[PDB]
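Structure record follows, encoded as structure tokens.
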Amino acid sequence: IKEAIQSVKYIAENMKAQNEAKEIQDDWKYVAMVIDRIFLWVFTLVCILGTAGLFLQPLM
Amino acid sequence: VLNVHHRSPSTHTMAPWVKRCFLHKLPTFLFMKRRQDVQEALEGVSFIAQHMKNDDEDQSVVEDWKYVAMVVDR
Amino acid sequence: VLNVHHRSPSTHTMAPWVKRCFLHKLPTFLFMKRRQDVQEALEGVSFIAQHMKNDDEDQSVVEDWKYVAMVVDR
Amino acid sequence: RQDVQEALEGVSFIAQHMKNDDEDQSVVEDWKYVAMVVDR
Amino acid sequence: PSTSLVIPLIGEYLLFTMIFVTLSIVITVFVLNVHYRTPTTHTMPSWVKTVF
Ligand SMILES: CCCCCCCCC
């Protein structure tokens with residue numbers, strides 16, 4: 001009788017713990033997305049600067 | 001078009017222009033057409049219901065992102 | 001090292017030597033550091049809770065296999 | 001009383017659903033083990 | 001030819017692009033290691049909460 005109510009309490013605590021772990025995993029994914037974006041901008045600027053200064057500019 | 005497939009509500013947020021453009025105009029244009037112990041128990045069951053409703057909302061938004069990627073692909 | 005990552009609790013048994021070697025000593029050596037209608041409803045809720053407990057145990061064992069793979073990799 | 005009756009049917013349906021799900025998981029683990037034996 | 005006096009601009013461009021694409025794969029293996037990471041195997045630091 002009380003065992004079923006304690007089991008529902010256990011189910012609620014398990015779902016809360018799984019939700020908190022998924023929050024931590026979303027934070028780990030978001031920091032990787034941030035590193036991905038900063039290196040996208042850095043290598044886009046380096047690629048345009050290299051193809052300008054090394055390929056077209058002396059060759060004109 | 002592969003990047004807009006894996007967008008989730010925990011990372012991105014769907015802008016209203018990509019709400020209203022890639023779901024209504026172009027799918028119709030490209031032929032897509034879509035006592036004290038008892039008290040804690042009610043609190044736990046209400047928490048379970050809130051969690052399942054939030055999970056269904058997030059799944060609906062990620063299915064929306066998948067359909068947007070499908071429309072851009074076509 | 002990719003075979004030991006995909007070892008499940010249902011098909012393999014973790015031996016005590018990999019327990020004592022690849023879980024305790026080497027993660028410190030390599031700087032890792034980790035009423036007949038009513039009565040069946042209660043029995044059903046008890047079965048659901050016990051099955052979620054078994055699922056949590058098997059998930060812990062498969063994450064332990066993943067950590068052993070990570071230690072061998074480093 | 002009519003509102004009380006459907007919740008017990010819901011709990012029994014959830015129990016039967018999870019039992020069928022566990023049987024399907026056991027059968028697919030059996031298929032995985034057959035693949036493992038043939039590979040070895 | 002194999003004249004070592006001066007280097008061509010196109011060979012310099014090929015070497016440049018190979019160096020930066022190799023640095024791109026050594027970055028992308030790091031971001032794949034950062035992505036697939038769980039709280040049951042790693043603890044998240046404090047300075048990464050403010051910077052990244
Ligand atoms: C009291 C019924 C709870 C049912 C929980 C089911 C959870 C499915 C993820």
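In the structure tokens, chains take letters A, B, ... by order of appearance, with residues numbered from 1 within each chain and ligands from 1 in the order shown.
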Exercise. Write as a ChimeraX atom specification the residues around ligand 1, taking 8 Å as the cut-off and counting only C-alpha atoms and all ligand atoms.
Key: /A:8,11 /B:45,48,52 /C:45,48 /D:11,14
Could you please take those selected residues and save C-alpha atoms as an mmCIF file, in the first residue's frame?
data_model
loop_
_atom_site.group_PDB
_atom_site.id
_atom_site.type_symbol
_atom_site.label_atom_id
_atom_site.label_comp_id
_atom_site.auth_asym_id
_atom_site.auth_seq_id
_atom_site.Cartn_x
_atom_site.Cartn_y
_atom_site.Cartn_z
ATOM 1 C CA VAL A 8 5.967 6.614 -7.391
ATOM 2 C CA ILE A 11 9.983 7.174 -10.279
ATOM 3 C CA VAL B 45 2.364 12.461 -10.672
ATOM 4 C CA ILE B 48 5.635 13.302 -14.342
ATOM 5 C CA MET B 52 6.114 14.292 -20.484
ATOM 6 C CA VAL C 45 3.236 0.260 -10.357
ATOM 7 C CA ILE C 48 7.290 -0.569 -13.271
ATOM 8 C CA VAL D 11 -2.079 1.779 -15.361
ATOM 9 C CA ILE D 14 1.095 0.829 -19.210
#
Same-sequence superposition of chain C onto chain B, all C-alpha, as a PDB file with N, CA and C atoms, in the first residue's frame:
ATOM      1  N   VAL C   1      22.161  22.068 -45.557  1.00  0.00           N
ATOM      2  CA  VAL C   1      20.863  21.464 -45.270  1.00  0.00           C
ATOM      3  C   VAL C   1      20.983  20.372 -44.213  1.00  0.00           C
ATOM      4  N   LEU C   2      22.194  19.908 -43.915  1.00  0.00           N
ATOM      5  CA  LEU C   2      22.378  18.961 -42.827  1.00  0.00           C
ATOM      6  C   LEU C   2      22.605  19.657 -41.495  1.00  0.00           C
ATOM      7  N   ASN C   3      23.017  20.930 -41.507  1.00  0.00           N
ATOM      8  CA  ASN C   3      23.093  21.664 -40.245  1.00  0.00           C
ATOM      9  C   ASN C   3      21.705  21.943 -39.682  1.00  0.00           C
ATOM     10  N   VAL C   4      20.746  22.310 -40.537  1.00  0.00           N
ATOM     11  CA  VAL C   4      19.409  22.649 -40.058  1.00  0.00           C
ATOM     12  C   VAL C   4      18.593  21.433 -39.651  1.00  0.00           C
ATOM     13  N   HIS C   5      19.058  20.224 -39.961  1.00  0.00           N
ATOM     14  CA  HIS C   5      18.349  19.028 -39.525  1.00  0.00           C
ATOM     15  C   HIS C   5      18.599  18.731 -38.053  1.00  0.00           C
ATOM     16  N   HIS C   6      19.796  19.034 -37.555  1.00  0.00           N
ATOM     17  CA  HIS C   6      20.202  18.685 -36.195  1.00  0.00           C
ATOM     18  C   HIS C   6      20.091  19.857 -35.231  1.00  0.00           C
ATOM     19  N   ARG C   7      19.133  20.755 -35.434  1.00  0.00           N
ATOM     20  CA  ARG C   7      18.926  21.893 -34.545  1.00  0.00           C
ATOM     21  C   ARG C   7      17.864  21.516 -33.520  1.00  0.00           C
ATOM     22  N   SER C   8      18.231  21.565 -32.252  1.00  0.00           N
ATOM     23  CA  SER C   8      17.395  21.206 -31.119  1.00  0.00           C
ATOM     24  C   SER C   8      16.699  22.436 -30.553  1.00  0.00           C
ATOM     25  N   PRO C   9      15.582  22.260 -29.835  1.00  0.00           N
ATOM     26  CA  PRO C   9      14.943  23.420 -29.191  1.00  0.00           C
ATOM     27  C   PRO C   9      15.740  24.004 -28.041  1.00  0.00           C
ATOM     28  N   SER C  10      16.637  23.235 -27.429  1.00  0.00           N
ATOM     29  CA  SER C  10      17.375  23.722 -26.272  1.00  0.00           C
ATOM     30  C   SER C  10      18.501  24.674 -26.644  1.00  0.00           C
ATOM     31  N   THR C  11      18.985  24.627 -27.886  1.00  0.00           N
ATOM     32  CA  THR C  11      20.127  25.425 -28.300  1.00  0.00           C
ATOM     33  C   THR C  11      19.817  26.445 -29.383  1.00  0.00           C
ATOM     34  N   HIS C  12      18.628  26.415 -29.979  1.00  0.00           N
ATOM     35  CA  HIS C  12      18.292  27.327 -31.059  1.00  0.00           C
ATOM     36  C   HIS C  12      16.858  27.799 -30.895  1.00  0.00           C
ATOM     37  N   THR C  13      16.561  28.943 -31.505  1.00  0.00           N
ATOM     38  CA  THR C  13      15.223  29.514 -31.507  1.00  0.00           C
ATOM     39  C   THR C  13      14.773  29.714 -32.945  1.00  0.00           C
ATOM     40  N   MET C  14      13.629  29.129 -33.294  1.00  0.00           N
ATOM     41  CA  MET C  14      13.126  29.211 -34.659  1.00  0.00           C
ATOM     42  C   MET C  14      12.564  30.605 -34.916  1.00  0.00           C
ATOM     43  N   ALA C  15      13.201  31.334 -35.830  1.00  0.00           N
ATOM     44  CA  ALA C  15      12.832  32.708 -36.137  1.00  0.00           C
ATOM     45  C   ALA C  15      11.488  32.756 -36.871  1.00  0.00           C
ATOM     46  N   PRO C  16      10.778  33.889 -36.822  1.00  0.00           N
ATOM     47  CA  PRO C  16       9.484  33.958 -37.523  1.00  0.00           C
ATOM     48  C   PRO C  16       9.582  33.974 -39.045  1.00  0.00           C
ATOM     49  N   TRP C  17      10.732  34.320 -39.626  1.00  0.00           N
ATOM     50  CA  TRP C  17      10.785  34.367 -41.083  1.00  0.00           C
ATOM     51  C   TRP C  17      10.884  32.970 -41.685  1.00  0.00           C
ATOM     52  N   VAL C  18      11.590  32.050 -41.022  1.00  0.00           N
ATOM     53  CA  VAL C  18      11.597  30.668 -41.495  1.00  0.00           C
ATOM     54  C   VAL C  18      10.250  30.006 -41.204  1.00  0.00           C
ATOM     55  N   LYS C  19       9.548  30.467 -40.159  1.00  0.00           N
ATOM     56  CA  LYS C  19       8.158  30.075 -39.920  1.00  0.00           C
ATOM     57  C   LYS C  19       7.259  30.456 -41.092  1.00  0.00           C
ATOM     58  N   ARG C  20       7.329  31.710 -41.538  1.00  0.00           N
ATOM     59  CA  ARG C  20       6.421  32.138 -42.597  1.00  0.00           C
ATOM     60  C   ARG C  20       6.861  31.692 -43.988  1.00  0.00           C
ATOM     61  N   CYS C  21       8.148  31.398 -44.198  1.00  0.00           N
ATOM     62  CA  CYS C  21       8.634  31.002 -45.517  1.00  0.00           C
ATOM     63  C   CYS C  21       8.689  29.488 -45.695  1.00  0.00           C
ATOM     64  N   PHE C  22       9.471  28.793 -44.870  1.00  0.00           N
ATOM     65  CA  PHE C  22       9.801  27.398 -45.121  1.00  0.00           C
ATOM     66  C   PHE C  22       8.840  26.428 -44.455  1.00  0.00           C
ATOM     67  N   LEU C  23       7.650  26.882 -44.072  1.00  0.00           N
ATOM     68  CA  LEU C  23       6.723  26.006 -43.372  1.00  0.00           C
ATOM     69  C   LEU C  23       5.326  26.105 -43.971  1.00  0.00           C
ATOM     70  N   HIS C  24       4.994  27.255 -44.560  1.00  0.00           N
ATOM     71  CA  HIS C  24       3.655  27.493 -45.083  1.00  0.00           C
ATOM     72  C   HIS C  24       3.624  27.701 -46.588  1.00  0.00           C
ATOM     73  N   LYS C  25       4.431  28.622 -47.112  1.00  0.00           N
ATOM     74  CA  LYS C  25       4.340  28.976 -48.525  1.00  0.00           C
ATOM     75  C   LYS C  25       4.965  27.911 -49.418  1.00  0.00           C
ATOM     76  N   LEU C  26       6.226  27.576 -49.175  1.00  0.00           N
ATOM     77  CA  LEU C  26       6.952  26.621 -50.008  1.00  0.00           C
ATOM     78  C   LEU C  26       6.460  25.167 -49.960  1.00  0.00           C
ATOM     79  N   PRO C  27       5.964  24.609 -48.840  1.00  0.00           N
ATOM     80  CA  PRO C  27       5.327  23.282 -48.942  1.00  0.00           C
ATOM     81  C   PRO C  27       4.031  23.256 -49.740  1.00  0.00           C
ATOM     82  N   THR C  28       3.405  24.402 -50.001  1.00  0.00           N
ATOM     83  CA  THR C  28       2.307  24.453 -50.957  1.00  0.00           C
ATOM     84  C   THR C  28       2.789  24.780 -52.362  1.00  0.00           C
ATOM     85  N   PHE C  29       3.917  25.483 -52.474  1.00  0.00           N
ATOM     86  CA  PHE C  29       4.489  25.819 -53.772  1.00  0.00           C
ATOM     87  C   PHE C  29       5.158  24.620 -54.428  1.00  0.00           C
ATOM     88  N   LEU C  30       5.663  23.678 -53.634  1.00  0.00           N
ATOM     89  CA  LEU C  30       6.409  22.535 -54.139  1.00  0.00           C
ATOM     90  C   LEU C  30       5.634  21.229 -54.035  1.00  0.00           C
ATOM     91  N   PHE C  31       4.321  21.305 -53.768  1.00  0.00           N
ATOM     92  CA  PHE C  31       3.415  20.154 -53.632  1.00  0.00           C
ATOM     93  C   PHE C  31       3.874  19.188 -52.536  1.00  0.00           C
ATOM     94  N   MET C  32       4.129  19.728 -51.345  1.00  0.00           N
ATOM     95  CA  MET C  32       4.545  18.900 -50.215  1.00  0.00           C
ATOM     96  C   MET C  32       3.352  18.520 -49.342  1.00  0.00           C
ATOM     97  N   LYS C  33       2.672  19.532 -48.782  1.00  0.00           N
ATOM     98  CA  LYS C  33       1.397  19.404 -48.060  1.00  0.00           C
ATOM     99  C   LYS C  33       1.512  18.503 -46.828  1.00  0.00           C
ATOM    100  N   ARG C  34       2.553  18.751 -46.026  1.00  0.00           N
ATOM    101  CA  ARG C  34       2.864  18.030 -44.778  1.00  0.00           C
ATOM    102  C   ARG C  34       2.934  16.513 -44.932  1.00  0.00           C
ATOM    103  N   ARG C  35      -0.993  11.875   5.921  1.00  0.00           N
ATOM    104  CA  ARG C  35      -1.319  12.263   4.556  1.00  0.00           C
ATOM    105  C   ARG C  35      -0.053  12.838   3.903  1.00  0.00           C
ATOM    106  N   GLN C  36       0.983  13.048   4.723  1.00  0.00           N
ATOM    107  CA  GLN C  36       2.236  13.606   4.217  1.00  0.00           C
ATOM    108  C   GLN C  36       2.978  12.628   3.313  1.00  0.00           C
ATOM    109  N   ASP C  37       2.720  11.329   3.456  1.00  0.00           N
ATOM    110  CA  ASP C  37       3.212  10.375   2.473  1.00  0.00           C
ATOM    111  C   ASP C  37       2.292  10.319   1.259  1.00  0.00           C
ATOM    112  N   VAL C  38       0.995  10.545   1.463  1.00  0.00           N
ATOM    113  CA  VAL C  38       0.030  10.429   0.376  1.00  0.00           C
ATOM    114  C   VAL C  38       0.099  11.645  -0.541  1.00  0.00           C
ATOM    115  N   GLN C  39       0.324  12.834   0.030  1.00  0.00           N
ATOM    116  CA  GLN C  39       0.244  14.070  -0.747  1.00  0.00           C
ATOM    117  C   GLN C  39       1.407  14.209  -1.725  1.00  0.00           C
ATOM    118  N   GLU C  40       2.582  13.678  -1.381  1.00  0.00           N
ATOM    119  CA  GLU C  40       3.714  13.766  -2.295  1.00  0.00           C
ATOM    120  C   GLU C  40       3.596  12.803  -3.470  1.00  0.00           C
ATOM    121  N   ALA C  41       2.782  11.751  -3.348  1.00  0.00           N
ATOM    122  CA  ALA C  41       2.562  10.856  -4.479  1.00  0.00           C
ATOM    123  C   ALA C  41       1.740  11.534  -5.569  1.00  0.00           C
ATOM    124  N   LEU C  42       0.702  12.280  -5.176  1.00  0.00           N
ATOM    125  CA  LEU C  42      -0.106  13.030  -6.136  1.00  0.00           C
ATOM    126  C   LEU C  42       0.717  14.117  -6.816  1.00  0.00           C
ATOM    127  N   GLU C  43       1.569  14.797  -6.045  1.00  0.00           N
ATOM    128  CA  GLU C  43       2.444  15.825  -6.597  1.00  0.00           C
ATOM    129  C   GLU C  43       3.478  15.220  -7.541  1.00  0.00           C
ATOM    130  N   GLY C  44       3.963  14.016  -7.222  1.00  0.00           N
ATOM    131  CA  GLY C  44       4.880  13.333  -8.119  1.00  0.00           C
ATOM    132  C   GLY C  44       4.235  12.918  -9.429  1.00  0.00           C
ATOM    133  N   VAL C  45       2.998  12.413  -9.369  1.00  0.00           N
ATOM    134  CA  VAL C  45       2.292  12.021 -10.591  1.00  0.00           C
ATOM    135  C   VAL C  45       1.986  13.246 -11.453  1.00  0.00           C
ATOM    136  N   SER C  46       1.647  14.372 -10.810  1.00  0.00           N
ATOM    137  CA  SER C  46       1.437  15.618 -11.545  1.00  0.00           C
ATOM    138  C   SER C  46       2.720  16.104 -12.212  1.00  0.00           C
ATOM    139  N   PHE C  47       3.860  15.963 -11.526  1.00  0.00           N
ATOM    140  CA  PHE C  47       5.134  16.360 -12.121  1.00  0.00           C
ATOM    141  C   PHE C  47       5.512  15.467 -13.297  1.00  0.00           C
ATOM    142  N   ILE C  48       5.231  14.164 -13.195  1.00  0.00           N
ATOM    143  CA  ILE C  48       5.526  13.239 -14.289  1.00  0.00           C
ATOM    144  C   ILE C  48       4.690  13.569 -15.522  1.00  0.00           C
ATOM    145  N   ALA C  49       3.409  13.891 -15.319  1.00  0.00           N
ATOM    146  CA  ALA C  49       2.554  14.239 -16.455  1.00  0.00           C
ATOM    147  C   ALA C  49       2.964  15.564 -17.095  1.00  0.00           C
ATOM    148  N   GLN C  50       3.317  16.565 -16.278  1.00  0.00           N
ATOM    149  CA  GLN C  50       3.753  17.841 -16.842  1.00  0.00           C
ATOM    150  C   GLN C  50       5.093  17.719 -17.564  1.00  0.00           C
ATOM    151  N   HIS C  51       5.980  16.845 -17.083  1.00  0.00           N
ATOM    152  CA  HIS C  51       7.245  16.656 -17.779  1.00  0.00           C
ATOM    153  C   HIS C  51       7.057  15.908 -19.094  1.00  0.00           C
ATOM    154  N   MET C  52       6.112  14.963 -19.145  1.00  0.00           N
ATOM    155  CA  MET C  52       5.813  14.327 -20.426  1.00  0.00           C
ATOM    156  C   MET C  52       5.177  15.305 -21.410  1.00  0.00           C
ATOM    157  N   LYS C  53       4.407  16.275 -20.908  1.00  0.00           N
ATOM    158  CA  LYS C  53       3.872  17.323 -21.779  1.00  0.00           C
ATOM    159  C   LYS C  53       4.983  18.199 -22.359  1.00  0.00           C
ATOM    160  N   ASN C  54       5.964  18.570 -21.527  1.00  0.00           N
ATOM    161  CA  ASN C  54       7.106  19.348 -22.017  1.00  0.00           C
ATOM    162  C   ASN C  54       7.930  18.561 -23.035  1.00  0.00           C
ATOM    163  N   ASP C  55       8.075  17.251 -22.809  1.00  0.00           N
ATOM    164  CA  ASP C  55       8.820  16.407 -23.738  1.00  0.00           C
ATOM    165  C   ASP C  55       8.104  16.296 -25.082  1.00  0.00           C
ATOM    166  N   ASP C  56       6.767  16.210 -25.061  1.00  0.00           N
ATOM    167  CA  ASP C  56       6.002  16.191 -26.307  1.00  0.00           C
ATOM    168  C   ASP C  56       6.141  17.499 -27.078  1.00  0.00           C
ATOM    169  N   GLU C  57       6.169  18.633 -26.364  1.00  0.00           N
ATOM    170  CA  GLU C  57       6.348  19.920 -27.040  1.00  0.00           C
ATOM    171  C   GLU C  57       7.720  20.031 -27.706  1.00  0.00           C
ATOM    172  N   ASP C  58       8.779  19.620 -26.998  1.00  0.00           N
ATOM    173  CA  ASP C  58      10.117  19.693 -27.586  1.00  0.00           C
ATOM    174  C   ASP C  58      10.290  18.710 -28.743  1.00  0.00           C
ATOM    175  N   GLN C  59       9.622  17.553 -28.680  1.00  0.00           N
ATOM    176  CA  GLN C  59       9.661  16.610 -29.794  1.00  0.00           C
ATOM    177  C   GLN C  59       8.945  17.168 -31.022  1.00  0.00           C
ATOM    178  N   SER C  60       7.844  17.900 -30.810  1.00  0.00           N
ATOM    179  CA  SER C  60       7.162  18.540 -31.934  1.00  0.00           C
ATOM    180  C   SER C  60       8.035  19.614 -32.579  1.00  0.00           C
ATOM    181  N   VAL C  61       8.776  20.376 -31.767  1.00  0.00           N
ATOM    182  CA  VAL C  61       9.633  21.422 -32.333  1.00  0.00           C
ATOM    183  C   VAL C  61      10.813  20.816 -33.103  1.00  0.00           C
ATOM    184  N   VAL C  62      11.378  19.706 -32.612  1.00  0.00           N
ATOM    185  CA  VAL C  62      12.510  19.136 -33.346  1.00  0.00           C
ATOM    186  C   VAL C  62      12.041  18.443 -34.633  1.00  0.00           C
ATOM    187  N   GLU C  63      10.817  17.891 -34.649  1.00  0.00           N
ATOM    188  CA  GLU C  63      10.279  17.394 -35.916  1.00  0.00           C
ATOM    189  C   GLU C  63       9.954  18.533 -36.875  1.00  0.00           C
ATOM    190  N   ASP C  64       9.644  19.716 -36.344  1.00  0.00           N
ATOM    191  CA  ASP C  64       9.438  20.874 -37.206  1.00  0.00           C
ATOM    192  C   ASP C  64      10.746  21.317 -37.863  1.00  0.00           C
ATOM    193  N   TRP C  65      11.856  21.276 -37.109  1.00  0.00           N
ATOM    194  CA  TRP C  65      13.171  21.540 -37.706  1.00  0.00           C
ATOM    195  C   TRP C  65      13.507  20.532 -38.801  1.00  0.00           C
ATOM    196  N   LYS C  66      13.183  19.253 -38.567  1.00  0.00           N
ATOM    197  CA  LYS C  66      13.423  18.228 -39.582  1.00  0.00           C
ATOM    198  C   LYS C  66      12.615  18.490 -40.848  1.00  0.00           C
ATOM    199  N   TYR C  67      11.374  18.964 -40.694  1.00  0.00           N
ATOM    200  CA  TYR C  67      10.554  19.246 -41.871  1.00  0.00           C
ATOM    201  C   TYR C  67      11.075  20.451 -42.649  1.00  0.00           C
ATOM    202  N   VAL C  68      11.607  21.456 -41.943  1.00  0.00           N
ATOM    203  CA  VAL C  68      12.227  22.601 -42.619  1.00  0.00           C
ATOM    204  C   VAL C  68      13.435  22.157 -43.440  1.00  0.00           C
ATOM    205  N   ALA C  69      14.246  21.248 -42.879  1.00  0.00           N
ATOM    206  CA  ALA C  69      15.375  20.682 -43.621  1.00  0.00           C
ATOM    207  C   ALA C  69      14.917  19.929 -44.868  1.00  0.00           C
ATOM    208  N   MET C  70      13.816  19.178 -44.754  1.00  0.00           N
ATOM    209  CA  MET C  70      13.283  18.429 -45.894  1.00  0.00           C
ATOM    210  C   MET C  70      12.797  19.355 -47.010  1.00  0.00           C
ATOM    211  N   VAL C  71      12.166  20.476 -46.640  1.00  0.00           N
ATOM    212  CA  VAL C  71      11.681  21.437 -47.633  1.00  0.00           C
ATOM    213  C   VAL C  71      12.844  22.098 -48.371  1.00  0.00           C
ATOM    214  N   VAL C  72      13.894  22.499 -47.637  1.00  0.00           N
ATOM    215  CA  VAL C  72      15.075  23.099 -48.271  1.00  0.00           C
ATOM    216  C   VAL C  72      15.753  22.098 -49.207  1.00  0.00           C
ATOM    217  N   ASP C  73      15.737  20.818 -48.824  1.00  0.00           N
ATOM    218  CA  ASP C  73      16.347  19.773 -49.639  1.00  0.00           C
ATOM    219  C   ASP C  73      15.603  19.580 -50.963  1.00  0.00           C
ATOM    220  N   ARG C  74      14.263  19.518 -50.921  1.00  0.00           N
ATOM    221  CA  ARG C  74      13.487  19.388 -52.162  1.00  0.00           C
ATOM    222  C   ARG C  74      13.579  20.635 -53.040  1.00  0.00           C
TER     223      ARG C  74
END
Would you tabulate, counting only C-alpha atoms, all residues of chain E that have an atom at most 10 Å from an atom of chain A, showing the closest pair of atoms and their distance in Å to one decimal, sorted by chain then ascending number, as a Markdown table?
| residue | atom | partner | partner_atom | distance |
| --- | --- | --- | --- | --- |
| E:9 | CA | A:55 | CA | 6.7 |
| E:10 | CA | A:55 | CA | 7.5 |
| E:12 | CA | A:54 | CA | 8.3 |
| E:13 | CA | A:54 | CA | 7.1 |
| E:16 | CA | A:50 | CA | 8.3 |
| E:17 | CA | A:47 | CA | 8.4 |
| E:20 | CA | A:43 | CA | 8.3 |
| E:21 | CA | A:43 | CA | 9.7 |
| E:24 | CA | A:43 | CA | 8.6 |
| E:27 | CA | A:39 | CA | 8.4 |
| E:28 | CA | A:36 | CA | 8.1 |
| E:30 | CA | A:32 | CA | 8.9 |
| E:31 | CA | A:32 | CA | 5.6 |
| E:32 | CA | A:32 | CA | 7.7 |
| E:33 | CA | A:32 | CA | 8.8 |
| E:34 | CA | A:32 | CA | 5.7 |
| E:35 | CA | A:29 | CA | 4.9 |
| E:36 | CA | A:29 | CA | 7.5 |
| E:37 | CA | A:28 | CA | 6.5 |
| E:38 | CA | A:25 | CA | 5.7 |
| E:39 | CA | A:24 | CA | 6.6 |
| E:40 | CA | A:21 | CA | 8.7 |
| E:43 | CA | A:24 | CA | 9.9 |
| E:44 | CA | A:28 | CA | 8.3 |
| E:48 | CA | A:31 | CA | 8.3 |
| E:49 | CA | A:31 | CA | 8.9 |
| E:51 | CA | A:31 | CA | 9.3 |
| E:52 | CA | A:31 | CA | 5.6 |
Practice problem: Enumerate, as an MDAnalysis selection string, the complete set of residues in chain E that a backbone-based DSSP assignment places in helix (DSSP H, G or I). | Solution: chainID E and resid 9:35 47:50
Quiz item: Hey, can you check how far atom CA of residue A:1 sits from atom CA of residue D:4?
Solution: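 That distance, rounded to one decimal, is 17.6 Å.
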Quiz item: What does the distance between atom CA of residue D:24 and atom CA of residue D:36 come to in Å, to one decimal place?
Solution: 18.6 Å
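The gap separating atom CA of residue A:57 from atom CA of residue A:44 is 18.4 Å, in Å to one decimal.
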Exercise. Kindly indicate which residue among A:7, A:37, A:60, A:53 lies nearest to chain B, using only C-alpha atoms for the distances.
Key: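 So, comparing all the options, the nearest one is A:7.
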Quiz item: Counting only C-alpha atoms, which residues of chain A come no farther than 12 Å from chain C, as a count of residues only?
Solution: 17
